[PDB]
Structure formats: structure tokens, C-alpha cells
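Peer 1: What follows is start25.cif, mmCIF, C-alpha atoms.
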data_upload
#
loop_
_atom_site.group_PDB
_atom_site.id
_atom_site.type_symbol
_atom_site.label_atom_id
_atom_site.label_comp_id
_atom_site.auth_asym_id
_atom_site.auth_seq_id
_atom_site.Cartn_x
_atom_site.Cartn_y
_atom_site.Cartn_z
ATOM 1 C CA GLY A 1 68.677 -32.802 -49.357
ATOM 2 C CA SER A 2 66.338 -29.933 -48.571
ATOM 3 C CA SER A 3 67.670 -26.579 -49.712
ATOM 4 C CA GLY A 4 69.491 -25.615 -52.887
ATOM 5 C CA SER A 5 69.809 -22.048 -54.111
ATOM 6 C CA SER A 6 70.491 -20.023 -50.986
ATOM 7 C CA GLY A 7 69.339 -21.324 -47.624
ATOM 8 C CA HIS A 8 68.487 -18.320 -45.484
ATOM 9 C CA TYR A 9 65.632 -17.709 -43.076
ATOM 10 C CA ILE A 10 63.076 -14.954 -42.631
ATOM 11 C CA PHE A 11 64.484 -14.288 -39.182
ATOM 12 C CA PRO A 12 67.984 -13.302 -38.045
ATOM 13 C CA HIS A 13 70.032 -16.403 -37.326
ATOM 14 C CA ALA A 14 73.693 -17.228 -36.828
ATOM 15 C CA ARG A 15 74.939 -20.285 -38.681
ATOM 16 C CA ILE A 16 78.307 -21.162 -37.192
ATOM 17 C CA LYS A 17 80.201 -24.425 -37.492
ATOM 18 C CA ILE A 18 82.085 -26.179 -34.718
ATOM 19 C CA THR A 19 85.429 -27.788 -35.465
ATOM 20 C CA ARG A 20 86.613 -30.846 -33.575
ATOM 21 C CA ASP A 21 89.772 -30.647 -31.497
ATOM 22 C CA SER A 22 92.140 -33.598 -31.615
ATOM 23 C CA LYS A 23 93.231 -34.206 -28.043
ATOM 24 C CA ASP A 24 93.323 -31.466 -25.435
ATOM 25 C CA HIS A 25 92.461 -32.697 -21.961
ATOM 26 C CA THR A 26 90.162 -35.703 -21.968
ATOM 27 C CA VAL A 27 90.105 -39.485 -22.111
ATOM 28 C CA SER A 28 86.569 -40.564 -22.922
ATOM 29 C CA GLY A 29 85.248 -38.964 -26.087
ATOM 30 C CA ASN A 30 82.592 -36.267 -26.186
ATOM 31 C CA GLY A 31 80.638 -34.640 -28.989
ATOM 32 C CA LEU A 32 82.050 -31.141 -28.678
ATOM 33 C CA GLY A 33 81.526 -28.967 -25.625
ATOM 34 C CA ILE A 34 78.003 -28.127 -26.724
ATOM 35 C CA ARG A 35 74.867 -28.991 -24.788
ATOM 36 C CA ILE A 36 71.326 -28.487 -26.025
ATOM 37 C CA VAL A 37 68.074 -29.542 -24.399
ATOM 38 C CA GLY A 38 65.037 -30.296 -26.528
ATOM 39 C CA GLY A 39 61.340 -30.499 -25.740
ATOM 40 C CA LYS A 40 61.363 -27.022 -24.244
ATOM 41 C CA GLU A 41 58.702 -24.406 -24.875
ATOM 42 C CA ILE A 42 59.920 -21.379 -26.794
ATOM 43 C CA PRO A 43 59.416 -17.887 -25.356
ATOM 44 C CA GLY A 44 57.059 -16.238 -27.815
ATOM 45 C CA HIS A 45 56.196 -19.062 -30.184
ATOM 46 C CA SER A 46 52.570 -20.143 -30.098
ATOM 47 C CA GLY A 47 52.896 -22.831 -27.452
ATOM 48 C CA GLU A 48 55.677 -24.590 -29.325
ATOM 49 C CA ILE A 49 58.628 -26.656 -28.167
ATOM 50 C CA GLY A 50 62.217 -26.484 -29.359
ATOM 51 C CA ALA A 51 65.845 -26.995 -28.413
ATOM 52 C CA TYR A 52 68.129 -24.607 -26.568
ATOM 53 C CA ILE A 53 71.762 -24.610 -25.504
ATOM 54 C CA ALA A 54 71.484 -25.768 -21.911
ATOM 55 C CA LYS A 55 74.954 -24.463 -21.149
ATOM 56 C CA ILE A 56 78.467 -24.146 -22.522
ATOM 57 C CA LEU A 57 81.666 -25.651 -21.173
ATOM 58 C CA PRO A 58 84.475 -23.417 -19.895
ATOM 59 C CA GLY A 59 86.287 -22.440 -23.071
ATOM 60 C CA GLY A 60 85.106 -25.349 -25.184
ATOM 61 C CA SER A 61 84.622 -25.830 -28.907
ATOM 62 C CA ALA A 62 81.260 -24.096 -28.875
ATOM 63 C CA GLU A 63 82.546 -21.215 -26.783
ATOM 64 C CA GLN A 64 85.661 -21.174 -28.935
ATOM 65 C CA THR A 65 83.597 -19.574 -31.675
ATOM 66 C CA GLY A 66 82.372 -16.862 -29.337
ATOM 67 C CA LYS A 67 79.095 -16.435 -31.181
ATOM 68 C CA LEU A 68 77.301 -19.401 -29.662
ATOM 69 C CA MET A 69 75.853 -18.347 -26.326
ATOM 70 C CA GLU A 70 73.970 -20.027 -23.506
ATOM 71 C CA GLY A 71 70.201 -19.674 -23.506
ATOM 72 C CA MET A 72 70.127 -19.644 -27.290
ATOM 73 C CA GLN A 73 67.354 -21.323 -29.242
ATOM 74 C CA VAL A 74 68.781 -23.848 -31.674
ATOM 75 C CA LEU A 75 66.679 -23.864 -34.822
ATOM 76 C CA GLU A 76 68.466 -26.832 -36.349
ATOM 77 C CA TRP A 77 71.534 -28.961 -35.737
ATOM 78 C CA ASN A 78 73.564 -30.574 -38.496
ATOM 79 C CA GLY A 79 70.623 -29.709 -40.716
ATOM 80 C CA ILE A 80 68.337 -31.970 -38.718
ATOM 81 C CA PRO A 81 65.674 -29.879 -36.972
ATOM 82 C CA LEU A 82 65.150 -30.203 -33.237
ATOM 83 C CA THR A 83 61.908 -28.251 -33.126
ATOM 84 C CA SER A 84 58.906 -30.410 -32.317
ATOM 85 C CA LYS A 85 61.046 -33.129 -30.784
ATOM 86 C CA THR A 86 62.074 -34.387 -27.365
ATOM 87 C CA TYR A 87 65.098 -34.007 -25.121
ATOM 88 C CA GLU A 88 66.170 -37.560 -25.866
ATOM 89 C CA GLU A 89 65.451 -37.441 -29.581
ATOM 90 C CA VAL A 90 67.259 -34.130 -29.875
ATOM 91 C CA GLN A 91 70.182 -35.311 -27.780
ATOM 92 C CA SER A 92 70.571 -38.361 -29.989
ATOM 93 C CA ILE A 93 70.548 -36.066 -33.000
ATOM 94 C CA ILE A 94 73.287 -34.082 -31.301
ATOM 95 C CA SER A 95 75.169 -36.885 -29.587
ATOM 96 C CA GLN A 96 76.025 -38.494 -32.905
ATOM 97 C CA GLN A 97 78.839 -36.884 -34.856
ATOM 98 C CA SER A 98 82.488 -37.882 -34.945
ATOM 99 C CA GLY A 99 84.073 -34.556 -35.811
ATOM 100 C CA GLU A 100 83.107 -30.967 -36.524
ATOM 101 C CA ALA A 101 79.393 -30.246 -36.627
ATOM 102 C CA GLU A 102 77.003 -27.558 -37.805
ATOM 103 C CA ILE A 103 74.480 -25.726 -35.659
ATOM 104 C CA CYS A 104 71.678 -23.374 -36.624
ATOM 105 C CA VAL A 105 70.633 -21.029 -33.842
ATOM 106 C CA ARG A 106 68.608 -17.830 -33.862
ATOM 107 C CA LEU A 107 70.158 -14.423 -33.305
ATOM 108 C CA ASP A 108 67.500 -12.388 -31.538
ATOM 109 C CA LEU A 109 66.410 -14.928 -28.952
ATOM 110 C CA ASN A 110 67.030 -15.625 -25.285
ATOM 111 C CA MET A 111 65.622 -18.446 -23.192
ATOM 112 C CA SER A 112 67.559 -18.203 -19.948
ATOM 113 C CA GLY A 113 66.839 -21.413 -18.076
ATOM 114 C CA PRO A 114 67.349 -22.223 -14.388
ATOM 115 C CA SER A 115 70.554 -24.120 -15.061
ATOM 116 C CA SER A 116 72.783 -24.412 -12.017
ATOM 117 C CA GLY A 117 75.293 -27.042 -13.070
#
Mind converting the file's structure to C-alpha cells?
Peer 2:
Amino acid sequence: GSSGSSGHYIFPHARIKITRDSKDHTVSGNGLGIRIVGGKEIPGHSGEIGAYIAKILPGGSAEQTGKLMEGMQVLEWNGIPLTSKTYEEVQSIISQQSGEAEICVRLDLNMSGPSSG
């Protein structure tokens, strides 16, 4: 419980959902091919931390959508905000959903981190 009548933001964001795929090519159990790192300063914000999509798997659930892109600032995930949190905390928030999930990222925004692997 938080929003009711219309839940839009003042800034341009892209609210896309991620559906879970039943079997494909794995034998462990992951929380969608979506990775986001928290406790990272935002480019522009007044010395504030947030969460951004570290990277995206090769043709995963996140990439499946097409919208979601690497180096994108995630405003909120599954409703739960990641801003003003920590990598771990965030992760936990993310790594905790058996099935489709909802992500709230910003449109006009690019972090671009030194992510090799």
C-alpha cells in the first residue's frame, strides 16, 4: 500500500514487468536474468545513492522486453525502493521473488559503469 489513483512520476520512467520462464537452459534457480547494484551514487542527483542495472544476460528475461537496458537507474523494484540503500539490501530486495517481477527504472538516465564481466 502506497499509491492509489494513478501512480506516475514527475520524471520520464519506464515501468515494465518481467515474466518468469519455466525451464529453458538451467538447473539451479535464478531470479530472472536481471542484475542491479545498489549503494551507487547517481549521476546528477545531489550526492545521492541508488540502484542500477549492473548488466543484462545474453537474451534473458530482462533483455527479452527490450526496453530494460544496462546502465539504467532503477527507481524502484517490485514497488520496494532501492534508493538510499546498500548493494546487499537492494540485492536481497531483488533476489527474492519466485516468478515474474516488476521493475521501475528511469527513462532519461545513463550510468555506464566499468563492468567487465
Peer 1: Skip segment 80-87 of chain A itself and residues of its chain fewer than 5 positions away, then list as a ChimeraX atom specification all residues within 12 Å of it, counting all atoms listed in the file.
Peer 2: /A:1-2,35-42,45,47-54,73-75,92-96,101-105
Peer 1: Can those selected residues be exported to a file as a PDB file, in the coordinates of the input so that it contains C-alpha atoms?
Peer 2:
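Result went into part-v3.pdb, see below:
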ATOM      1  CA  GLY A   1      68.677 -32.802 -49.357  1.00  0.00           C
ATOM      2  CA  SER A   2      66.338 -29.933 -48.571  1.00  0.00           C
ATOM      3  CA  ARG A  35      74.867 -28.991 -24.788  1.00  0.00           C
ATOM      4  CA  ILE A  36      71.326 -28.487 -26.025  1.00  0.00           C
ATOM      5  CA  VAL A  37      68.074 -29.542 -24.399  1.00  0.00           C
ATOM      6  CA  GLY A  38      65.037 -30.296 -26.528  1.00  0.00           C
ATOM      7  CA  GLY A  39      61.340 -30.499 -25.740  1.00  0.00           C
ATOM      8  CA  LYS A  40      61.363 -27.022 -24.244  1.00  0.00           C
ATOM      9  CA  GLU A  41      58.702 -24.406 -24.875  1.00  0.00           C
ATOM     10  CA  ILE A  42      59.920 -21.379 -26.794  1.00  0.00           C
ATOM     11  CA  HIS A  45      56.196 -19.062 -30.184  1.00  0.00           C
ATOM     12  CA  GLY A  47      52.896 -22.831 -27.452  1.00  0.00           C
ATOM     13  CA  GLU A  48      55.677 -24.590 -29.325  1.00  0.00           C
ATOM     14  CA  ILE A  49      58.628 -26.656 -28.167  1.00  0.00           C
ATOM     15  CA  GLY A  50      62.217 -26.484 -29.359  1.00  0.00           C
ATOM     16  CA  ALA A  51      65.845 -26.995 -28.413  1.00  0.00           C
ATOM     17  CA  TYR A  52      68.129 -24.607 -26.568  1.00  0.00           C
ATOM     18  CA  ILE A  53      71.762 -24.610 -25.504  1.00  0.00           C
ATOM     19  CA  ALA A  54      71.484 -25.768 -21.911  1.00  0.00           C
ATOM     20  CA  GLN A  73      67.354 -21.323 -29.242  1.00  0.00           C
ATOM     21  CA  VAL A  74      68.781 -23.848 -31.674  1.00  0.00           C
ATOM     22  CA  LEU A  75      66.679 -23.864 -34.822  1.00  0.00           C
ATOM     23  CA  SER A  92      70.571 -38.361 -29.989  1.00  0.00           C
ATOM     24  CA  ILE A  93      70.548 -36.066 -33.000  1.00  0.00           C
ATOM     25  CA  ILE A  94      73.287 -34.082 -31.301  1.00  0.00           C
ATOM     26  CA  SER A  95      75.169 -36.885 -29.587  1.00  0.00           C
ATOM     27  CA  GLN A  96      76.025 -38.494 -32.905  1.00  0.00           C
ATOM     28  CA  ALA A 101      79.393 -30.246 -36.627  1.00  0.00           C
ATOM     29  CA  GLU A 102      77.003 -27.558 -37.805  1.00  0.00           C
ATOM     30  CA  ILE A 103      74.480 -25.726 -35.659  1.00  0.00           C
ATOM     31  CA  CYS A 104      71.678 -23.374 -36.624  1.00  0.00           C
ATOM     32  CA  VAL A 105      70.633 -21.029 -33.842  1.00  0.00           C
TER      33      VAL A 105
END
Peer 1: Segment 44-59 of chain A, all listed atoms, 5 Å padding on each side: what axis-aligned box centre and edge lengths in Å to one decimal come out, as AutoDock Vina command-line options?
Peer 2:
--center_x 69.4 --center_y -21.6 --center_z -25.0 --size_x 43.7 --size_y 20.8 --size_z 20.3
Peer 1: Fewer than 5 positions away in the same chain doesn't count, so skip those; otherwise give me all residues within 12 Å of residue 67 of chain A, counting all atoms listed in the file, as a list in words.
Peer 2: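 Near neighbours after the sequence-gap exclusion: residues 13, 14, 15, 16, 17, 18, 56, 61, 62, 72, 103, 104, 105, 106 and 107 of chain A.
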Peer 1: Point out the residue among A:46, A:27, A:19, A:117 with the least atom-to-atom distance to residue 65 of chain A, counting all atoms listed in the file.
Peer 2: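 Counting all atoms listed in the file, the residue closest to residue 65 of chain A is A:19.
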Peer 1: How many Å lie between atom CA of residue 77 of chain A and atom CA of residue 90 of chain A, rounded to one decimal?
Peer 2: 8.9 Å
Peer 1: Report the distance between atom CA of residue 10 of chain A and atom CA of residue 63 of chain A in Å, rounded to one decimal place.
Peer 2: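 Atom CA of residue 63 of chain A lies 25.9 Å from atom CA of residue 10 of chain A.
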Peer 1: What's the separation between atom CA of residue 71 of chain A and atom CA of residue 116 of chain A, in Å to one decimal place?
Peer 2: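 That distance, rounded to one decimal, is 12.7 Å.
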Peer 1: Between A:91, A:97, A:28, A:115, which one has atoms that come closest to residue 70 of chain A, using all atoms listed in the file?
Peer 2: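 Smallest distance to residue 70 of chain A is found for A:115.
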Peer 1: Determine the nearest neighbour of residue 64 of chain A from the options A:114, A:34, A:22, A:4, counting all atoms listed in the file.
Peer 2: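 Ranked by minimum distance to residue 64 of chain A, first place goes to A:34.
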Peer 1: Let me make sure I understand: among A:100, A:108, A:88, A:21, which one has the smallest atom-to-atom distance to residue 60 of chain A if we use all atoms listed in the file?
Peer 2: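 Checking each of A:100, A:108, A:88, A:21 against residue 60 of chain A, counting all atoms listed in the file, the winner is A:21.
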Peer 1: Which residue gives the smallest distance to residue 110 of chain A among A:8, A:29, A:79, A:68, with only C-alpha atoms counted?
Peer 2: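 For residue 110 of chain A, the nearest of the candidates is A:68.
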Peer 1: Between A:76, A:30, A:12, A:44, single out the one closest to residue 57 of chain A, counting all atoms listed in the file.
Peer 2: A:30
